Structures are given as structure tokens and as C-alpha cells.
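J.: Protein chains in written order, with the authors' numbering: chain A, 2 to 203; chain B, 2 to 203; chain C, 2 to 203; chain D, 2 to 203; chain G, 2 to 203; chain F, 2 to 203; chain H, 2 to 203; chain E, 2 to 203.
Where is the CB? At the ideal position from N, CA and C, for every residue including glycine.
The following block contains the structure, expressed as C-alpha cells.
8 protein chains.
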Amino acid sequence: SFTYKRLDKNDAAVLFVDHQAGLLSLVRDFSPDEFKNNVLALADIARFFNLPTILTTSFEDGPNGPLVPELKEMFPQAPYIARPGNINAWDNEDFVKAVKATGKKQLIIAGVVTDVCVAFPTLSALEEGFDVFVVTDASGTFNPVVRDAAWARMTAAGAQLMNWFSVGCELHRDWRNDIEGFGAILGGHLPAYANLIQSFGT
Amino acid sequence: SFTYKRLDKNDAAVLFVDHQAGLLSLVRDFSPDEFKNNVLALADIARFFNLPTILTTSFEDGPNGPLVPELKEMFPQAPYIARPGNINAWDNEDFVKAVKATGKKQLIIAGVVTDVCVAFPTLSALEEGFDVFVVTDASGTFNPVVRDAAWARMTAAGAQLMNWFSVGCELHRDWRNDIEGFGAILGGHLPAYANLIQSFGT
Amino acid sequence: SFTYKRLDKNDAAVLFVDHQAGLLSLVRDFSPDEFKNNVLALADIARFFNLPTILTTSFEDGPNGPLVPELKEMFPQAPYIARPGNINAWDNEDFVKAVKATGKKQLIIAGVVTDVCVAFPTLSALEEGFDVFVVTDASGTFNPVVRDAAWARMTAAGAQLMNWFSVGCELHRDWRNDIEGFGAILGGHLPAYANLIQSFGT
Amino acid sequence: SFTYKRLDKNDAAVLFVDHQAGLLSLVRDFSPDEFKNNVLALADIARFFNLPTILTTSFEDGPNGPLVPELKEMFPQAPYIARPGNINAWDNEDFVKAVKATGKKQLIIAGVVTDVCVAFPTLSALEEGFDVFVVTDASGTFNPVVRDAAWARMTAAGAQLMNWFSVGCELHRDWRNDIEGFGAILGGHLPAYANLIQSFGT
Amino acid sequence: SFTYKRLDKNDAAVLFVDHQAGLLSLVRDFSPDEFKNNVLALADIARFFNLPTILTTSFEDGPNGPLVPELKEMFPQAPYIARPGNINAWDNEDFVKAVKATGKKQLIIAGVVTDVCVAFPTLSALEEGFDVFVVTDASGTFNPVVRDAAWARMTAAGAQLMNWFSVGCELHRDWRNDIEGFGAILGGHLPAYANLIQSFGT
Amino acid sequence: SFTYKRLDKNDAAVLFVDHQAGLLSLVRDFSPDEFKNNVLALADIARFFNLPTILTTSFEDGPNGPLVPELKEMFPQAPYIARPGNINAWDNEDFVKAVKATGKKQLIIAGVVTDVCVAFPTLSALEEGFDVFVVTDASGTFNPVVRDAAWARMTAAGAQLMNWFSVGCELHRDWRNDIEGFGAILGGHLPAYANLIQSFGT
Amino acid sequence: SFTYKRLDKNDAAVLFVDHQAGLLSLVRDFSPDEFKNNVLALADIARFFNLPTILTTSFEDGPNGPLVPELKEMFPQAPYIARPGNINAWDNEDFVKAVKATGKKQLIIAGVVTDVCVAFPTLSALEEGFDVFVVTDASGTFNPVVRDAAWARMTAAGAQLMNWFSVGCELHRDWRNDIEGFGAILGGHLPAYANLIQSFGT
Amino acid sequence: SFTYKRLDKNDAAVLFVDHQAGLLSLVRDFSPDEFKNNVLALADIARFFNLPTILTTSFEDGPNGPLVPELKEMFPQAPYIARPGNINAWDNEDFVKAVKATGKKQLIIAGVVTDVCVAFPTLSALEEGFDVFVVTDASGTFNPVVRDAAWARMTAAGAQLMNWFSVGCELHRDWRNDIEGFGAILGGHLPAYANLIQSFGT
Ligand SMILES: [Cl-]
Ligand SMILES: [Cl-]
Ligand SMILES: [Cl-]
Ligand SMILES: [Cl-]
Ligand SMILES: [Cl-]
Ligand SMILES: [Cl-]
Ligand SMILES: [Cl-]
Ligand SMILES: [Cl-]
């Protein structure tokens, strides 16, 4: 009567949509420090579980600016779709081609801005039957109101709202799978947890 | 399961409901500066995509006051329905006649106050089978609490909660349709984006 | 698909649940000034439309305290069900008997605290087929978090979330029905609107 | 047609998931003072109605830390499942065995963090047909945003969002069942209510 | 050496500066409900101690609007200085004449907006050696930031920042001077205190 | 140019002013849970350092209510001055004599409400040459705005604004004076610190 | 003792410091809409009173970006000091030369960021005996905390904290000097005031 | 009258007081992410300008925990004073000896918690004639209220309130001294500025 459709590290792909230097300037519903940390945390997680990753940008040869250096340094062979025109990434045939090429049913998505560059392909992907998991604290927009409206629209469509930590834990399932490696991610992106690790080590 | 019913510039109409000088005094869930900019942004979008526009007021010959000058000056040829009595604009026969005369299926709506002058005709239009897109940051009310209640009541009815930027982007689809013209709108109503444009130009 | 079940002044009853002198001390999700004004506003509306009203209190001979004086004075002929024990007012046979005696299908409810004394009979009434309209700004509780949880639980059951102003406007329908009388209510409970009325009068 | 599935003191069990000294350091969406009180309030309620209670921890021999002393001391006969690995408590067979051994259909659940250690077994329990009641103010996580996303994910699955006070009142049903005893709980965890009791006593 | 220059009911006068219907719409650093109550609370206090009162307006024959009806009705023989031009009330000779005619050394001042219509005559009066007491919660302005700046400029000049309740209490000194009369003021403007009074009476 | 006048456990007395069951209902600038904890923390500290303590109430045979039980239970033999009339405790001769009987130079003060029952005797005590230390988080009032006004008036007078934790640390000076005894206070009133102690203990 | 040193339109100069496209991205203590409006409001005022204006930029040929076009287009004959190196504008000899060349004693200053590009020359100018008026709502920085610290450092030095509206009123003194002209500024930068003007005009 | 005593890179020393893993858990007036970045930003600055640096801890062999790893790794030759007992670092003779041995007049100070471990030695140092510069965003405490109280006490003693960015810029004076080197610090600790640098590089 209910199915817990949870993230599986063998059934998931990660979509980084338009984390560009210019567009990040528009993000005001998260502080710059927390937002940078959250996006990098999701990125470390995508790497850690060796999930197929897709990078895409919107009009990067204009004021929107280049993709943040970390994402390129980190996934140097991930499909990189520079969209010259299409705002909705799902309207770009090369992007959709890359998504389906992964053969993944679950789509983990984060980007800028939430109400547009994330919501639009989320709604399109849901229409095509994909399970979409939105990393909400790795997605930014103009203000808390715009964010809440975007959440309402995406939940109404059946998207699952999460955060980089809950995404990581649902993928990881069991601490004993890799204690040092997974713990390094938590320590590196949760200063409060890093402190616990240091106190515990004495 | 889910169908992404997105804005089409050939199937949509814009409704400005009761942006009056007096009633705007009641809006406290947005700062006066951000709200004026948001209402003006939606207006530029309505002009830019050649959408049929409808203006309506409630009891403008009383304390509710005249329609704001920007809306009258920008749409001097749009149908203007001054409602002497009916609080729900949909209870006014002239208003519904003008809406149906546009022949549009999608209704983009914004106004004051959100819980009444927007919510009531939204619910009425949804009952008559229209697809309603609520511009949440161009609609104001007494406080965030009343707003959240109005949102809940509208989403329960199947309204799509959006914002002027996401409305504009879903209408535009592709940057290459009109780069300068659309960029002018974003630049004129997103100071953060205007700064990006200026830096890019040197 | 969707049906706009809106308040009708001939099909509605008002339930004031446990606005007691002691319990009001627990309301911290509204300022005392705004909350007192909102409850009195709802009372004026019920009186203005001559709606059948029911008053009920919970353990008033204890720390919960007496019903606030304004409610007793404005509705001296309303059914007054003092519940010595039952926390859910719907578990009281005298209260339910009084509700059905009104013969009303729509129930307008407000009270303290929101998550219990309002939510419980709201959920019970919805189960018995009543259309329930919750006046959210005339219902108080411990904090915004508790309030949001109550909203989530009540909307999930099909309650309609509103506020005293939208309640008033949906009942009144047309300004011309009684301009001075209804305007008196707005003037008396919306200081910003009283200011408009005074400026307009010069 | 809505059915009001309310808590029954003979059909409910309480699950305390990972209220550990280390993990509590991660909770920032509640103040430490209010969060401690809220968890202890839930504990007093579980003791008061003699509800079968289950305690569980996650990797307590690490930085996550030991279970807080109060829960251990207040439920000395409760099943205590120390999970060495599984992040989702429902993936632990000893935990699930203990839950089903109570023979209770309704699960009252609280823990840290909300988006993971509460949400994951909540979704799992719902999948196995349990009615789940989430004590939201006795569950903590990193920030209000992550909390809201967890709420969205849990309501979409049919979990009921509540708080310790509403849990207590729905369990208690009638004040006359135990005036002194139930009032002691409210007095002990609602400082405002303790004050009412003291004034009333003079 | 510090001297506690406290309010004396025989050496104080009250100045209401520009509480006009139009200007009040500019006040956003207080909710409309709490601000109306606070200004009326201050007015009740001025009445209770028979303090010499001065009313003044700024360009009331324009958009600024008339003085609120409550103030004219409550001090009908108090000096009423309608300033056609001077923004700083102290630049108006009739106003200064009326102040000095009271022969009072202590000046209690409140008005709209705080940073201008209150701050300017406050700074001027301080220059002339008057002891100035600013009722901060009966003075409004555009936003909290502007208010804090206004406070900073006034404390730097030696103004004493207070609120209507502390003003009332410093004037009253002893409860036994008039228990019923003074308690009536607190009950009428402190809903929480009204609740205490009602519970105490049973 | 500056002297660090810090608390000396042989030169200080603690004044609890009007922590009464009724008046506490007026406190809205702190949550009930954090405020109760802070007042009790200050109280444990006064006992721990064996400081002469004075309890005083304002009109306790009325709606103001009795002194909170914890204070009487902990300081049953402390001077208790029940003021029937004087709002400023310093205008009560019995209170002042009880203060001077201590022979202490430093006065540590906390109470309700901050802008009156704390501020007034604070300003009076400063006038008589006492060094006054205000425990800001153990003093409550109507809202943060009124609080900020009271702080401004007190610092201008030379009061030192502190909190219960800094009061204790300045009194204690050295951890090694009593590690367990002082640690019990921190553990008992700082849940985050209690958690540290528990993790450290494994 | 105290002297009310108020702005005189014949003794004041305006300093716009580093309102550059890049640096504006760092301003998060104001929304972009309100901040853009405030800076332009200050600009309109300087133009309106024909105050000598100085524009200066910091390393504009780098990431800091060009001066915003509005400032350039409204003060085409103002001194433009592009500082390649000096962070403190007062460390630039050309800038100081231009300031003294105006022969103005009162300095009205605004810029980005507040704690550095405004604070540093503010403190330097105060050291040289200038009276400095800081337009707080036309100066931006990283967050409210940094802002408050900057205010603290500047007030301690004797700077007068103001906002663009109070600056305008203190320069203007009298409404009758230019009703149309001055009202145009208020209407153009205070939307609520524009609404009053429109309502008044019918 | 006023002297601008600004930081000189040849007359300043940096004091890191008690940034310990356990104690950092008490910091709730900053998010963990921004606070870690701020503390690390100050450390990069201390190193960049080759400032004499002093590290000190409080009871690090208890629940307070070890000094955070970043500080020890960065400054292996800095004086490290582990205080077993004294809460005020200035009461430790080794600490005072280490400070005076630097021969610096200006003290840049940061630590945990603000109201005690920073405030106490700040007040002591001010008493001995040092110029103290408090890095407010690299100092944390329990909540914003306690923070504001600590600021008041420090400013009253003549402390200068600052932030790491303003500290860096006042030390740096001129961009051209080291463009690349200083830009690395800003890029590394101001995500928004890193974005500007990347956009500029294209
Ligand atoms: Cl494309
Ligand atoms: Cl009509
Ligand atoms: Cl009953
Ligand atoms: Cl396990
Ligand atoms: Cl005049
Ligand atoms: Cl007395
Ligand atoms: Cl230069
Ligand atoms: Cl020591």
C-alpha cells in the first residue's frame, strides 16, 4: 500500500545543473559559505559512490559564467553539456541522451536556480517516469519564498525532497561498508561532526 | 502518472487583480521595494511575450484606491473591468467574459490581497477547468502566515505556485529566441544580474 | 475534478473552542496584540452575519481558566458547552448535539491550542462529512513549528485553511450588500484600512 | 472519505532513535534547552501511559556517542538495540523484531537526525503497514530547511506530523482519567502552564 | 557620578508628533496592531496623569493625511500645531512656544517616523537642555535597520530610550496610588495581563 | 582610562526581583524553556558561591501572582521583601536596608520585567554608587525591542550587561577550585555541555 | 554640552565609495531591490540639492568591477578617483584633494563594503575634524553582524548614523521650499508614499 | 579629539583563545559552516602578514576538548599555553608573559565563548593599556542575545569591534603590495568573490 522508493547506489545518477560563477551570485536563500559546502558535499558523495554524473551549463559564454572549477576538476570525464539556448535542460537533446545513456532510474538533481534550472528538468523527468530526488540544500534561488513555491510545485509532481546528508546516508546504508572513507566526507562537510571525531580520538 | 503542464506563450493570458494604491497599504509580507519590482517585472513579461492581459479593480471609488499608474500606462488597450461590488472577480460577468474572450487555457494571476482577491478567482477558475499559475512574489497579503494558508488552499485545488522569473523562463524556453530583449528584462528587475551583465561587458 | 466549496452565510456555523484566560498564556506563535484582535475580528464577523455560534471550554474550573469576557458578552444566547473532561470537543455528546442542531454543513473553527483543541474536533468533523474551514490566525499554539505540523495534519484530512479576513470576504461576497456595516469591521480590525478610510474622507 | 486514525494508548508503542550525546550536537533547528525538554516530555508521556518503548542507537562506540542518560534511566526494561552499522534502524533485524514483539500497530517515533534516523525507518515502517506518528518537536536536524524537506517526504508517505503535547492529549482523551498525574506532566514541561497552576493554587 | 533622572508626573509633558493616517502606512518596523495599541497606550497614560500634551502634524493637507481620530478625540483642548512646512517640529515657533508654556523640563516624545519627525526635535530639545524620553514602541519607521540607526543617534545625544509601559510605571511609582485606575490601563493594553486579571477574579 | 571591575565572590550579592507566576506570562523575548533554565542557573550559582541573596515581589496578592516555587525552595531563609506598593524596589526602605545589611558592593540583578522591575532599581543603585551587574538572559520583558531600549538606558548609566554563564565564570575564576561542583551547574543547565561530559566519560 | 550638528545643504558633500558591479555581489545584509533603490535615492538627493559629489572606485580593472552606470550617468562632472591600490580612500591623495577642494565640512558617505570601504575613510575623516554622516541603508556588507560591528566602531568615533530619507529631510528642512520636486523623490523611492500621492490625487 | 588607531602589521599580535572541539559545540550564534570559515580566514591572515600568534586552550584535558587541528598544523612554532585552571587567560602568567614578549601594542583576539573566554582577557588587556581589536565573526557564543551583551561590555571598555575581512584590509592597506597572495585569501574564504575572480578570468 506504500513503497519506500529509496536511493540505490546501483540505480542512481547525479545531475549538476548550472552551478555557474555568475548564477551563484543570485543565490540568497542560503549563505555563500553553507551553499558552497553543500554543493561540494554532494559532489564528494557522487564521487564516493562512483555514480554516473552529468554536468550541464546554461549560456556559459555570457554573464552566466563558467561552471565552478571544482565540478570540472572532479568529474573531468563526465558528460558536459553546454546549452547555448535551452533553459530547461530536458529540452536539449544531448542532455537527455546522456541521462538515458546512464540507464539509471533514479535521478539525483541539484542546481541554480531552484525554481527554474532545477524545477523544469525535474518536472520533465518526472513526466518521463524517472524517480527524481531533489537535493534541496545544494539547490539555491533568490529568496526563501521562491524556494517554497518551487518545493510546492515539485512535490505536487511527486519529486522526493532531500538534502546532501540524507542522500549520502540512503546511498551508504551501512556504516561498516567504509567507515574511514564515508566518515571523511562527514568530517569534511560537517564541522560539528569533525569536532566529534577530534574529541573522540583523544 | 504526472504531466508537466508548462506555460506556452500562445496558450496563456495574464490577470492583474486589484493592484490598487490603497490595498497595497495592506501588503506586509513583502517589502514595498521588492513588491513593486516584482509586479513591474511580471508586467514587462506580459508585454514581451505579447500575452493578452486583463486588468481588474475592486471598489476603486473608495478607500481601496485607483489602479497603480504603471499598469494603466503599460496596458492602455487591455480590458479594464472595474468591479463595484463582487469581491471574487469571477462573480463579475464582465470579467469572466473578458477572460474567455482571450480564448486562453492557461491563466497567469497576481494581485492583492493573496488570500482573497487572488485565491477566490483562482479557485473559481480551477473549478471551470482552467490551468492556473499563481505569481506568488507578485501577490501580497497581510503577513507570511496568511500567505502560507492561501498557498495551502490553492495548491490543494491544483494551482501551480510560481514566481515572475520562473514564469518568464518557462515562457521564453530558449535564450536564442531574443537574447538582448529578454536579457533586458532580467537586467532591469534583477540588480544582481544587471551587475553580471556590466562586469561581462568590460 | 475540483469543486470550489466556498463559505455560504446560510450554510455555516462558527465554533469558538477554548479561548480561555489561562490557555491563552500558551500562545506564543502570535503576538498577544495581533491574536486578541484576530479573535475579536472573527467574533464581529460571526455576529455581523448572524451565524449560529457555539462556545466551548475545557476544564474552566482549573488553571485553564474562564472563557474570555468578550466572547460571553457577544454571544449570550450561544450554546455554551463546558467540557469538564473531554479534550477532543467532539467526544462530548452535548457539543456534537449542539453542532448538528444548527443544521449547518460548513463549520468555521478557531481556538487554543491549534494542534489539539482545534485539530482534534476538526479531524473528527471531517470524518463525519462536514466541510471544515480553519481560521488559522484566530487559532494559536506554542510555536510556529507546532503550528505547521497541525496545518500539515489538517490539510491532509481536507480542512480548508483560511484567515478571519478571507472568511469575512467569502461570506460577504459583495461590497454593496452592506458597505458601512462591513467596512466598520475592516476599519475596527485593520489599522492600515482604518487609515485609508480616514484619508479618503478628507 | 477521511478516517480519523487517532492514537490509542492500548495500540501504540514509542521508538526513541539515536538520541545520542554526540549526534545531539548536530541539532540546530531547536535550541538545546527546548529540545531537551521536548524529548523528556515525550519520555514522561510514554511512562505515564505505560507504552511499550524501544531504544536504539547508531554506532555508539564512535563519535555518535552514548544514549543520553535520561532515556536509559527512564526505560530500564525497554529493549535496547545498539546498531553497529545500519543507518536505517529498520534494516536491523533485532530492531524490527522488537517492534513487532510489542504487537502495536501505531508507532510514535522521535530521534536524531530528522531527515535520516527518523525519516528512513518511518518510511520503512509505513511500507510494512504501520501507522506512524512523528513527534516533530522531539526530533532534531541541522537546520529548518532540512527539517521541512524531511516533513515533506514523510507526509507524502502518509506519516502523521505531531508534537509531544498533541500526542499526550490524544492518548489521554479525558482530563478526569488522571487530573493530578497528567497535570504534573504539563506542569513539568510547560513552564507557562506550571505558572498557571501556581497562581490558581493561591 | 551618575544621576537617575526619572520621570516625575509633575514635571513632564507629552509630545505626539505626526501620527497621521498617511504617514502610518510607512511604518513597517511594527505590526499595525501592536503599534496602534502602543500609541493608544501612551495616550491613555498621558490622560491618566493629567499631563500637559502637545499634538503636532506635518503637511496634513497633503498625502501625509489627518491626525488619527483617537488622538484628536482624547486631547481636544491640547495645543494642536499644524506645521505646513517645517519638517523638524522644533523649527516651528508655535510648537516651541507651546512646549515652553507648559513649563515642563521632562519631555516624553513619540511619533512617525522615528528617524526624522521624532529624532530631529529630540536632538534639538536636547541641545536646549531638556530631558527627553523617547517612547520607542510608540514611534515607528520604515524598517528595524533605520530604527536602530535612529536610536544610535539619539542615545549619543543623551536621550533616554523607553517604552510606554516603563513610562507609565516610572510616573506611577506606587501601585496603591490608584489600583483600579492604573490596572485598567494595563488590562486594556496588555492582553496577557487582562488574562491574569480575569483568572484572578474567579 | 579603564578599570576591569569584575565580580568577586566575597563582594557580591544577588537580587531576584519579581520572578512571579503571573508576571512571567508577560515575558515573550525569551522562550519559556530557556528562560526558566536561565533563572534557575543563576539561582544555582548564587547558592554555589554562598552569595547573600534577596528575594522581592511586587503586589503578589494580586494578578502578579506568587514568587516561583523554585526560588523559595532554594532560598527559604533569604530576606523576602513583599512590596505591596512600590514599583521600583529601591523606593522600598525594607528592601534597601536588606541590601545594605549584606555589606556588599557588587549587585547581581535579574527579574521581570526588564524595562521596569529590573531597570528602575538598577538605575537607583547606580546612583548610590553600587557596581551593578545585570543578568540579561535571566531578565525578561515583552519583546526584543523593549529589551534593547532597557539595555541602552542601563549601559548609559554604567551598568554591566552580562549573562548567567559569564557571571559564574567571573565568580569562579579557576576551574580547579571545584571541578565537579561547578561542572554540575554547567552540566545541569547547558545540555550541549552535558553531552560533552557524557561523551568524555566513555 | 551637546550640539545638534545637522546637515546643511550649503556645507555638505556626498561621497560614493566603490558601488561597483563586482563588490555589490558581496552585499547580503540588504536585498538587491532595496539596496539599489536606496543608493539611487541618495543619488537623487545629491542631484536635487546640487551637492558636490565625489565618485571613487577600488581596483575597478579587476574582479571588483566597474562603477554602476547610474552613478556615472547622474554625476558626469563629479571627480572620479579610480584607486588602483589604496583600500582606504583617504590613503589616496587625489581623493583627499578632491574632498577638500569642495571646501565642504560635512561629509555624507555611502558605499561597499560598510566595514571597510566606508568605515576606513569615515574614521580617517573624523580624525581630520570632519563631521561625517553615514547613510546606513545605502551602505552594504556581508551580513547584519558585520554591519552592527561597523556601526559600533563608527559611532564610538563620533560618526552620525543616518539613512537616505532622514538625510533628505535634514537637508530640505521645509516642505514649501520645493513641494513638487522633493515629493517626486519620495514618490520615486518610497512606493508606499507613491501610493498615498496617487490616492490623494483622486 | 578622535584618533584613528588602525591596525599596523608591525604593531599587532593575534590571540586565538580556546577554539576547542568540545567548546565549539556551544557556538549557536553562527552556523558551523560560516564559523569554521571565519576562524580559518583569520588564521590565513595572521600567517600572510607574518603576525606573532599565540594559541591558548582552557582545560583541554577535559570535555572542552583539544585545540582544532588547523590551528596547530598552521602555527607549530607559536606559543601554546594550555591553561589547566584559569578561565580568564590574562590570569595565566605564562599567557601574559607570551603576549608581552611579542612587544605588540595592538591585540587581535578571537575565541569561544565570546562572553567569557574572549571578553575577560579583552577587558584585562584594556585595563593594562593595550589596543584590543575583537574579531566578532571569529568569536562565537550561546546565542545572539549573549553576544550583544558581550559587545556592550567590551565597547564600553574601549574595545574595537571588527571582522576578519576588515582586519585583513586594515592590515593590508594597499592592494598592490601583493595582489595574487591577498586575492587568494579573499577567494578562499569569500565564495562570492571566488566567483568574481573566475568570471573575470574568462
Ligand atoms: Cl541548448
Ligand atoms: Cl462587480
Ligand atoms: Cl467533557
Ligand atoms: Cl546494524
Ligand atoms: Cl511649519
Ligand atoms: Cl512597597
Ligand atoms: Cl590608490
Ligand atoms: Cl591556568
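Assign G:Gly-169 to one of three DSSP states: helix, strand, or coil.
T.: Here residue 169 of chain G is taken as the residue at index 168 of the fifth sequence, counted from 1. Three-state result, G:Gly-169: helix.
J.: Grouping DSSP H, G and I as helix and E and B as strand, with all else coil, what is H:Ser-26?
T.: In the seventh sequence, the residue the question calls residue 26 of chain H occupies position 25. It is helical.
J.: The stretch 155-168 of chain H: which residues have C-beta closer than 9 Å to a C-beta of chain G, in chain order?
T.: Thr-156, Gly-159, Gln-161, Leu-162, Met-163, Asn-164, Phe-166, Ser-167
J.: Cα separation between A:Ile-186 and D:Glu-129?
T.: Start at 1 with the first residue of the first sequence, and residue 186 of chain A comes out as number 185. Start at 1 with the first residue of the fourth sequence, and residue 129 of chain D comes out as number 128. Computed Cα separation, rounded: 32 Å.
J.: Please go through the stretch 101-152 of chain E and give each complete beta strand (DSSP E) segment of 3 or more residues, from N-terminal end onward.
T.: 107-112, 132-136
J.: Roughly how many whole angstroms lie between the Cα atoms of D:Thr-203 and F:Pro-67?
T.: By 1-based counting over the fourth sequence, the position of residue 203 of chain D is 202. By 1-based counting over the sixth sequence, the position of residue 67 of chain F is 66. Those two C-alpha atoms are separated by around 8 Å.
J.: What residues are listed by DSSP as bridge partners for residue 238 of chain C?
T.: For residue 238 of chain C there is no data in the structure shown, the boundaries of chain C being 2 and 203.
J.: Which residue spans inside the stretch 39-88 of chain G form an unbroken beta strand (DSSP E) run of at least 3?
T.: 54-59, 81-84
J.: Would you identify the three-state DSSP class for D:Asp-175, choosing helix, strand or coil?
T.: If you number the fourth sequence from 1, residue 175 of chain D lands on position 174. Strand, per DSSP.
J.: With a threshold of 9 Å between beta-carbons, can B:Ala-150 be considered close to chain A, or not?
T.: Here residue 150 of chain B corresponds to residue number 149 of the second sequence, with the count starting at 1. No, its Cβ sits nowhere closer than 9 Å to a Cβ of chain A.
J.: Would you say C:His-20 lies against chain B (beta-carbon separation less than 9 Å)?
T.: For the purposes of this step, residue 20 of chain C is taken as residue 19 along the third sequence, with counting starting at 1. Among the CB atoms of chain B, none fall inside 9 Å of the CB of C:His-20.
J.: Start and end of the beta strand (DSSP E) containing C:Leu-162?
T.: Position 161 of the third sequence, counting from 1, holds the residue named residue 162 of chain C. Unbroken beta strand (DSSP E) run through C:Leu-162: 161-163.
J.: Return the CA-CA distance between B:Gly-23 and H:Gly-188, expressed in angstroms with no decimal places.
T.: Numbered from its first residue, the second sequence carries residue 23 of chain B at position 22. Numbered from its first residue, the seventh sequence carries residue 188 of chain H at position 187. In a straight line, the C-alpha of B:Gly-23 is about 15 Å away from that of H:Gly-188.
J.: Closer than 9 Å, Cβ to Cβ, to anything on chain A: give me those residues from the stretch 103-137 of chain E, in chain order.
T.: Within the stretch 103-137 of chain E, no residue has a Cβ that lies closer than 9 Å to any Cβ of chain A.
J.: Where does A:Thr-203 sit, in a helix, a strand or coil, going by DSSP?
T.: The count along the first sequence starts at 1 and reaches residue 203 of chain A at position 202. Reduced to three states, the DSSP call for A:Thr-203 is coil.
J.: Nearer than 8 Å: is that true of the beta carbon of E:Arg-29 relative to any heavy atom of ligand 3?
T.: Along the eighth sequence, read from residue 1 onward, the residue named residue 29 of chain E stands at position 28. No.
J.: Taking DSSP as the reference, what is the three-state secondary structure of B:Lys-37?
T.: Here residue 37 of chain B refers to the residue found at position 36 of the second sequence. Of the three classes helix, strand and coil, the one that applies to B:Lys-37 here is helix, per DSSP.
J.: By the criterion of Cβ-Cβ separation under 8 Å, what are the contact partners of G:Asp-45 in chain C?
T.: Here residue 45 of chain G refers to the residue found at position 44 of the fifth sequence. Per Cβ cutoff of 8 Å: no residues; G:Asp-45 is ~15 Å from chain C at best.
J.: Select from the stretch 20-41 of chain F all residues with a C-beta closer than 8 Å to any C-beta belonging to chain D, and list them in chain order.
T.: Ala-22, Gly-23, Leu-25, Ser-26, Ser-32, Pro-33, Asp-34, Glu-35, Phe-36, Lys-37, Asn-38
J.: Check whether the Cβ of D:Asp-175 sits closer than 8 Å to any heavy atom of ligand 3, and report yes or no.
T.: Position 174 of the fourth sequence, counting from 1, holds the residue named residue 175 of chain D. Correct: D:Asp-175 has its Cβ closer than 8 Å to ligand 3.
J.: D:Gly-159 to D:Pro-70, Cα distance in whole Å?
T.: If you number the fourth sequence from 1, residue 159 of chain D lands on position 158. If you number the fourth sequence from 1, residue 70 of chain D lands on position 69. Straight-line Cα distance between these residues: approximately 32 Å.
J.: Tell me which same chain residues have a C-beta within less than 6 Å of the C-beta of A:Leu-124, skipping the five on either side of it?
T.: If you number the first sequence from 1, residue 124 of chain A lands on position 123. The residues are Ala-158.
J.: Just the C-alpha distance for C:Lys-98 and C:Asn-11, rounded to the nearest angstrom, thanks.
T.: Sequence index remark: in the third sequence, residue 98 of chain C carries index 97 (1-based). Sequence index remark: in the third sequence, residue 11 of chain C carries index 10 (1-based). Computed Cα separation, rounded: 19 Å.
J.: Taking the straight line between their C-alpha atoms, what separation do you get for C:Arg-7 and D:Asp-138?
T.: Numbered from 1 along the third sequence, position 6 holds the residue referred to as residue 7 of chain C. Numbered from 1 along the fourth sequence, position 137 holds the residue referred to as residue 138 of chain D. Those two C-alpha atoms are separated by around 34 Å.
J.: I'd like the list of long-range same chain contacts for E:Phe-31, defined as Cβ closer than 6 Å, with 5 residues on each side in sequence excluded.
T.: What you label residue 31 of chain E is simply residue 30 of the eighth sequence in a count that begins at 1. Result list for E:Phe-31: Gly-141, in chain order.
J.: Name the chain H residues that come within less than 7 Å of E:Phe-201, Cβ to Cβ?
T.: The count along the eighth sequence starts at 1 and reaches residue 201 of chain E at position 200. Simply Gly-63, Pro-64.
J.: Going along chain G in order, which residues have a C-beta closer than 8 Å to the C-beta of C:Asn-196?
T.: The count along the third sequence starts at 1 and reaches residue 196 of chain C at position 195. Ordered by position in chain G, the residues that pass the 8 Å Cβ test against C:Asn-196 are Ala-22, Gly-23, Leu-25, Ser-26, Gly-66, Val-69.
J.: Enumerate in chain order the residues of its own chain whose CB-to-CB distance from H:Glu-74 is below 6 Å, with the five nearest sequence positions on each side excluded.
T.: Against the seventh sequence, residue 74 of chain H aligns to sequence position 73. Annotation for H:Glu-74: no residue places its beta carbon closer than 6 Å to its own, counting only its chain and skipping 5 residues before and after.
J.: Please output, in chain order, the residues near ligand 4 using a CB cut-off of less than 6 Å to any non-hydrogen atom of the ligand.
T.: D:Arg-84, D:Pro-85, D:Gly-86, D:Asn-87, D:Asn-93
J.: Cβ atoms of F:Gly-169 and F:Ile-46: under 9 Å apart, would you say?
T.: Taking the sixth sequence and counting its residues from 1, the one referred to as residue 46 of chain F is at position 45. Taking the sixth sequence and counting its residues from 1, the one referred to as residue 169 of chain F is at position 168. Yes, the Cβ-Cβ distance between F:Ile-46 and F:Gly-169 is below 9 Å.
J.: CA-CA distance, A:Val-146 and B:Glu-171?
T.: One-based indexing of the first sequence puts residue 146 of chain A at position 145. One-based indexing of the second sequence puts residue 171 of chain B at position 170. Going by the C-alpha atoms only, they are around 19 Å apart.
J.: Quick one: what's got a C-beta closer than 8 Å to B:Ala-120's C-beta in the same chain, skipping five residues either side?
T.: As a position in the second sequence, residue 120 of chain B is number 119, starting the count at 1. Counting only Cβ-Cβ distances below 8 Å, and skipping sequence neighbours, we find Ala-151, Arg-154, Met-155.
J.: Restricting to Cα atoms, I'd like to know which of E:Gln-161, E:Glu-94, E:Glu-61, E:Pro-80 is closest to E:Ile-109.
T.: In the eighth sequence, residue 109 of chain E corresponds to position 108, counting from 1. Among E:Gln-161, E:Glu-94, E:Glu-61, E:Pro-80, the Cα nearest to that of E:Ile-109 belongs to E:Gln-161.
J.: How would you list, in chain order, the residues of chain D whose beta-carbon sits under 8 Å from the beta-carbon of A:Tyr-5?
T.: Looking up residue 5 of chain A in the first sequence gives position 4. Those are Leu-124, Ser-125, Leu-127, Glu-128, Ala-158, listed as they occur along chain D.
J.: Please classify C:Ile-180 as buried or exposed, where buried requires at least 16 neighbouring CB atoms within 10 angstroms.
T.: Counting from one through the third sequence, the residue named residue 180 of chain C turns up at place 179. Exposed, by the Cβ-count rule.
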